[PDB]
Amino acid sequence: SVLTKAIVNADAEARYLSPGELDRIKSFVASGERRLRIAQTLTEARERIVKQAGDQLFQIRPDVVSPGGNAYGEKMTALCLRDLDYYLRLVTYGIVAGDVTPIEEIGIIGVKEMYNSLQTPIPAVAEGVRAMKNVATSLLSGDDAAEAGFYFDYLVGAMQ
Amino acid sequence: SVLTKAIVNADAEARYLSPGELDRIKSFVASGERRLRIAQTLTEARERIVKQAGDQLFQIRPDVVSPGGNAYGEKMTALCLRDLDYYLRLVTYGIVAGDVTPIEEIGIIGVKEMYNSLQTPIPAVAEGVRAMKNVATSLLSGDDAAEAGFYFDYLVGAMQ
Amino acid sequence: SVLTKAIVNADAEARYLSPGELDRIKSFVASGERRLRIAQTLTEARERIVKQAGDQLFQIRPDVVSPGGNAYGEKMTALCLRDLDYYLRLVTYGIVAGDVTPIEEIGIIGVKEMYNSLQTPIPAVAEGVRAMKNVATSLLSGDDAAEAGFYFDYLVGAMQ
Amino acid sequence: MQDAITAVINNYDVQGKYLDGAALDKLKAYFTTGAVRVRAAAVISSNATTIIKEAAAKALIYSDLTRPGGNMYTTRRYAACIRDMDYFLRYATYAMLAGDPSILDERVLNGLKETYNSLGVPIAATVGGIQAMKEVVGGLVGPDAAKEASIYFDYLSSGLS
Amino acid sequence: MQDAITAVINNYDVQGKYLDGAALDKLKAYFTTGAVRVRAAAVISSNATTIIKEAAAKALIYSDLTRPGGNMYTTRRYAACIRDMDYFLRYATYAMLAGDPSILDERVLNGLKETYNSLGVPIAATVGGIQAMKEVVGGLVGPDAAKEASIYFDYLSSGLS
Amino acid sequence: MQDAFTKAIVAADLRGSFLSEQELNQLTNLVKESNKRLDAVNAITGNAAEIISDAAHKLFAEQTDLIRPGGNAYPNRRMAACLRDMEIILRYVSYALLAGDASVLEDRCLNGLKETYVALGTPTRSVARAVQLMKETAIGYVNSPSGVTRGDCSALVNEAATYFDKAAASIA
Amino acid sequence: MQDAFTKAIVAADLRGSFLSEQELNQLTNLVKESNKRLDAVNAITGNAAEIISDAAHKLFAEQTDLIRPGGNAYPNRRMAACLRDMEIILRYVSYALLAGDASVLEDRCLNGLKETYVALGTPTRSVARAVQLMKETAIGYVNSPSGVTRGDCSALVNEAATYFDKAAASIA
Amino acid sequence: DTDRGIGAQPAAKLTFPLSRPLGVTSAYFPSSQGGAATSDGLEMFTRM
Amino acid sequence: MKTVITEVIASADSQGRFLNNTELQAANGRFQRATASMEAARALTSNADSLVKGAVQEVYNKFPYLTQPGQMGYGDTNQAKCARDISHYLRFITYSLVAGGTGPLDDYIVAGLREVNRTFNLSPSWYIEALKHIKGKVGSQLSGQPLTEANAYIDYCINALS
Amino acid sequence: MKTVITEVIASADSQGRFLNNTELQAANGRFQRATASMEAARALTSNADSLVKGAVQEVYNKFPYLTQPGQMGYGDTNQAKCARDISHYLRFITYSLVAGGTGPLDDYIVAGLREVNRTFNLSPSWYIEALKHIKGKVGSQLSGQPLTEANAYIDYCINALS
Ligand SMILES: CCC1=C(C)/C(=C/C2=NC(=C\c3[nH]c(/C=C4\NC(=O)[C@H](C)[C@H]4CC)c(C)c3CCC(=O)O)/C(CCC(=O)O)=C2C)NC1=O
Ligand SMILES: CCC1=C(C)/C(=C/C2=NC(=C\c3[nH]c(/C=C4\NC(=O)[C@H](C)[C@H]4CC)c(C)c3CCC(=O)O)/C(CCC(=O)O)=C2C)NC1=O
Ligand SMILES: CCC1=C(C)/C(=C/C2=NC(=C\c3[nH]c(/C=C4\NC(=O)[C@H](C)[C@H]4CC)c(C)c3CCC(=O)O)/C(CCC(=O)O)=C2C)NC1=O
Ligand SMILES: CCC1=C(C)/C(=C/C2=NC(=C\c3[nH]c(/C=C4\NC(=O)[C@H](C)[C@H]4CC)c(C)c3CCC(=O)O)/C(CCC(=O)O)=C2C)NC1=O
Ligand SMILES: CCC1=C(C)/C(=C/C2=NC(=C\c3[nH]c(/C=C4\NC(=O)[C@H](C)[C@H]4CC)c(C)c3CCC(=O)O)/C(CCC(=O)O)=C2C)NC1=O
Ligand SMILES: CCC1=C(C)/C(=C/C2=NC(=C\c3[nH]c(/C=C4\NC(=O)[C@H](C)[C@H]4CC)c(C)c3CCC(=O)O)/C(CCC(=O)O)=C2C)NC1=O
Ligand SMILES: CCC1=C(C)/C(=C/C2=NC(=C\c3[nH]c(/C=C4\NC(=O)[C@H](C)[C@H]4CC)c(C)c3CCC(=O)O)/C(CCC(=O)O)=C2C)NC1=O
């Protein structure tokens, strides 16, 4: 979280938290209810989001869903949307934690090696995530949509 | 600052800033005008704040200003308030930076060795700082007084 | 410029600028807006000016554009007008600088050797420049037309 | 390193001055542009790889540089070159967030000119790789941030030449 | 060397561009400050000797520098030092007239840091001699010209450090 | 529908506050450049037919397959549809240019357009190209018109380009 | 629809002629007084509700039969229709006033209106009176407003009256 | 378009289609390829 | 959102033609008028705080009984929601001033007004009286065409409530 | 007949609505613009005679063959009806200038144009070339916003014919 990150840096330098570290915990916790609302809205529309991302993806890359494509077929496509459902879930976790610790251990560290083995094209997974940003972001107020958007762009960043 | 701290951690792990790191920069910068007002008020009353800390100090420790005391005499007392003026200045710097980097390099790292040489009683310097908190804090709104208070308690903490 | 020329003479004699040198900088800078207007007008009509210089040239020397002529053919003529476009550009630079430093380093020092290699008849390039003077000069007030004319006659002079 | 804010604090600390009106005005001039810097960094970070690819495509590859005898010939050296490109992009993003070029001197430019002379790395070609990434960046980040991102790419490139 | 105006001409020449609106705006920004630059140069030139004397008095002499063991000990070295001072003043006056620092690089800074290291000439002390002449200059030339003169003294002094 | 002011207002309202002197002056500048904007929109209107025609001539010069049987701009009916779409897109680009905002272009014209063309078998890459050609010529006209006062229109030429580029990107 | 210029143009065309220097300057004068005209139209718009309300209060003060059972402004449904017609007529009078020509009023509002009311049993003389009261109050507001540079706004009024008087005459 | 199969009739088709936000492909660098396209200064002049 | 530019663009789209002169001419008006509009906007913006407190109070001074117990001008929450509501109106007035049309008022306050006020037992009379007061004070913050603009929109709200 | 005034009134009427600040701002554009428009109108009006003879001739100079026997630029009646037709166009241009919109052009020349020209074997190319010529000469009778206005309407006719 913001808490975990602050503390780990504190303990590693053998010291109490800084004024800065204390301030960010305070600003973070003040945004608690708002962050929880952002996760709720997105949890509430998960099935819609995953799907509109999936349409946006297959237009932009009809090949992935083509003879020599990693997601070619009905059940190679079913697993692909399931992976898109996984990452949206992790994005809700990140938003309520206020950093990526959880998102990272669960779904980016090791992701290159996993997908290389499965021969999944990584950059088109990054596209599926942009597609989810676009849908999710259209169900949130301007301010909340930006706050959510940072976590989408992080995942897009880590698959790189 | 908050900026320096965030970036140094970013560069050291060879990466772009986290959602968390970006969020704190945003919350920090939003408090800019407020933090600048807190520094202004205290800069504007600096001479008063020193004098009231100095009275509070000599009541609580009349000995420091006594035959075998580090601050005994008119010019051993003049330098003592000058040191109190130094630390109030550093506290205004810290408040506008949103962390201690500047406060630390300028006036705590090496402070034990400096004062041990001069044979200055460190814990009574910590008292002089508490005394300044009390005065400064009475010239600030509740919310701003707390925000200022964290930086006073840090210095008190570092002389320990 | 006028500045560069004045200064270089100053520095080379290890001295501050003369009253004379200071006066010419003052008279020069007063003509700034006017000189900028002269360059604008000519920049604004560049395509027309080359087309009319090029007609005036081929009447006077139909041979250059003849079997054994340097500019014989459609693309040997295209490059020829492009060179006329180059020199008009340099003339606008010279007018705004108030001397030839720039015009000289860019397009006269080395020009004999360049064109001798290409076997371009130099004196007919000088004619192309006179032709441009005639056109450009018909788009400027009497006073501005003279001021422009000095720089055209310089280029005509240097190709000699 | 230093940022806008610590640049001011250290300039006053050496004079032992409390922050005065002139100082406070400078810091405001930073804070007031802060939100825009953050948004711009998020665009650059999330388009990092595409910026390098479009910058290389306009300014490096399809050339003698990538052919035998060229410095970015071999997969080894091609990899080293776009690795470098990522450094530049990433650090320029730091400089622009900080609103101070000091990090570009401390952690990127110091000794780099001679390092490149010693390996044979073509300086002029590297500058074009920097100014092509700037071009791409300025499109992606928009009116708000274009000028501010741009300057630290220009800092980088006059640091080599 | 280059001045404001030739800086622009050469920047466009390498692109083979006729001067456009952005260029023309830059040149105007120079011409519009031109008369003030001239007046300022006439004040500096005619007070040259007094500026050096007041700058030395505030920042160099009455010190260990002028005493045995000091670098401006001996009439020889005292003469060399105020000779240098005159160079700085004179060239800064050129840079300010030109509205371009390029002459300060070409004819003053290039190799000077190492020249001073090789002779033992104290760099920090020389910078103070530069920033003291700036202080005097800024009084003599007035509101009109103070900021513009000042920058080329600051260019000189960060060129050594 | 939004224009550049309306956009400002919507963002302000989402904060629940008034204009941030920031936004006010951005809009004061739009009013400052509005005569130029009117000339720029007028440049397109005054040459609409030629802009479409010239784009067209050049599109089929490049892609002679479209005018063969089997091609998507054959027979007359299809060519008229293609000429009509060129006009429709140039129209909404001019509207966006008067407005200082792309929304009318995105909402009425670009939204769904790609999927329409794919359903129809209309080659989107060719349509994208026709849009690129309209852009070249349209901007040509914005930059070199009848006795307009001389000044710098590059900011507006860029903005017009992004509207042409939005459309192209959206369609290809 | 006509405005004062359009009217000039139609008469010129019926001669086969470019506008007479006579007609040109009559129209130059309309442009001369157009700020006043805008204030006059604005005076009505800015007080439309009160103009109708005040006319109404006074109409039924005079004609207490309309609000008895048997009366044409009874029950609520009929009163709402009567209030609505007052607004409709005030609206077309303001349009005519912006236009400098009565045609929109005559063509979209007054044409057939009398015969409608007679078919309905609506007492036209009462409707004429309601229009006379709207006129009194409408003309009232324009004269004194807040902070409008002092001058003669007088010439502007008459024309508004003739539009009110057209409507009254047409209906009674 | 009829309801006899359930009787109730279907849930509205266009709600999700109606909602789609505008696709975001920012940055975007254009392409000149394509075929090789003229560059040089000569273009105007040849024309002239 | 109804504004000059938006309206003309919509007209063009419906007609499926081209931004001709009629349209351009109309649009110029909106641009030429921006200076007065935006001066009104800046004055209303910085005085907002006091314009709101002035109008809120005037609602109680004109309807004294509202501030007695059991009434809708009593207790922190009613009086808080009132200030807020007048603040909403002034906010949209400034928006309409900046936008060049009534759009912001039409879309965010007029559409639905009566239904809402009727369900919540809010009398328009209060709001008219808030606005009449705001109109009185804006007489000395502005003059000339900025005042005319401010007035245009204040009156538009009063007529909308009626 | 389309003018800025009629357009805003039409838009108000169709929503059952009084003219508001949006519509009055629009009208101010049309009134502010009248001076340039009417200067163009006066210049086009007094030069009409020669503008017409200039354009008529240019149709024959650009389409030389028209003036040979058996052709449609031959004999007094064709050449007479031509001058008349260009005169009609210039007349409606002046009307559109004075009116503040394209109405006069839309109602009297554009509505029906192609059907008529097609039945009578009249090529638009002639008329475009008449207008292109008129546009060339009007470059030196006017300048600034009067020229822009003249141009707006001449170009409007050329687009109507393409
Ligand atoms: C001797 C060591 C060495 C190699 C191998 C090398 C490869 C190399 N392949 C390239 C492009 C390319 N290479 C391919 C190759 C393929 N496309 C496919 O889908 C297939 C999997 C594959 C063919 C079997 C393609 C399609 C491009 C163009 C990619 C682009 O332009 O974006 C480029 C960039 C173009 C250029 O500037 O030359 C290089 C440098 N360079 C080297 O120095
Ligand atoms: C060993 C070689 C050597 C010499 C000789 C030397 C002289 C010397 N004389 C000085 C000043 C001075 N010297 C004098 C001397 C005189 N006033 C008069 O009118 C008389 C003619 C004369 C006495 C006989 C005075 C008055 C000053 C002060 C001038 C000032 O401060 O402006 C100073 C500047 C003050 C300082 O920083 O020390 C130096 C360096 N420095 C050297 O390294
Ligand atoms: C009927 C609707 C309408 C139009 C069309 C209109 C145009 C218009 N354009 C103007 C200026 C101008 N227009 C331009 C436009 C350009 N400059 C160039 O070099 C480019 C080729 C072109 C780019 C678009 C420039 C540079 C000015 C002068 C600067 C300015 O006023 O902003 C002016 C100010 C007066 C003048 O300087 O002439 C008006 C009134 N006004 C209107 O009411
Ligand atoms: C083109 C614009 C336009 C006008 C002007 C118009 C007039 C008009 N007034 C009507 C009715 C009415 N008009 C009134 C008006 C009045 N009753 C009185 O006693 C007063 C004297 C007077 C009010 C001042 C009443 C009471 C009715 C309803 C008659 C009935 O249904 O019995 C009706 C019949 C349709 C309906 O009731 O909605 C029309 C068409 N309609 C239009 O579309
Ligand atoms: C938003 C649409 C719009 C409006 C409403 C508008 C009004 C407007 N009315 C004006 C003048 C005026 N308006 C009036 C009006 C009156 N004088 C009186 O005493 C009467 C009570 C009233 C009669 C109607 C007068 C007398 C002038 C000054 C003379 C003039 O400019 O013609 C002026 C010129 C500037 C000034 O002197 O204040 C403007 C711009 N302009 C616009 O763009
Ligand atoms: C965006 C534009 C917008 C407007 C204009 C708006 C009006 C508005 N006023 C409301 C309530 C209210 N409005 C008031 C108003 C007042 N109380 C007083 O002391 C005075 C008499 C008066 C101010 C003049 C009161 C007391 C309530 C609480 C009503 C209730 O819930 O019982 C509510 C109900 C939701 C809520 O309780 O907040 C709305 C929607 N809402 C909007 O979104
Ligand atoms: C109110 C606006 C209006 C327009 C614009 C108009 C055009 C027009 N031109 C016509 C004929 C004509 N128009 C021309 C035109 C020309 N002949 C030449 O020498 C040139 C090539 C050319 C002039 C550029 C000719 C020759 C005719 C006679 C056609 C015929 O009856 O065979 C006719 C047929 C009725 C008639 O014979 O007069 C119409 C209606 N009529 C209108 O009422």
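Chain letters run A, B, ... following the sequence lines, proteins first and then strands; every chain starts at 1.
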> Can you pull the ring pair (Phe, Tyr, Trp, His ring centres under 6.0 Å) pairs that have at least one residue in residues 23-75 of chain B, sequence neighbours excluded?
B:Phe28-D:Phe31
> Heavy-atom pairs under 4.5 Å with chain A - which of B:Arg24, B:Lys26, B:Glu147, B:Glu21 has more of them than the others?
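Max contact count across the listed options: B:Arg24.
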> Taking side chain as C-beta onward, heavy atoms only, is A:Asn9 less than 4.5 Å from B:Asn9?
yes
> I need the contact set between residues 74-107 of chain B and chain A: heavy-atom distance under 4.5 Å, sorted by residue number.
B:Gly98, B:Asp99, B:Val100
> Is A:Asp153 in contact with chain B via its backbone, its side chain, both, or neither, using a 4.5 Å heavy-atom distance?
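Neither part.
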> Among A:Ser18, A:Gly20, A:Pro19, which has the most heavy-atom pairs under 4.5 Å with chain B?
A:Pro19
> Could you grab the distance from atom CZ of A:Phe150 to atom CG of B:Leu17, nearest 0.5 Å is fine?
10.5 Å
> Please indicate whether B:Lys112 has more than 12 foreign heavy atoms, meaning atoms of other residues, nucleotides or ligands, lying under 6.0 Å from its NZ.
no
> Look at atom CZ of B:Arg34 and say whether more than 12 heavy atoms of other residues, nucleotides or ligands are closer to it than 6.0 Å.
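Yes.
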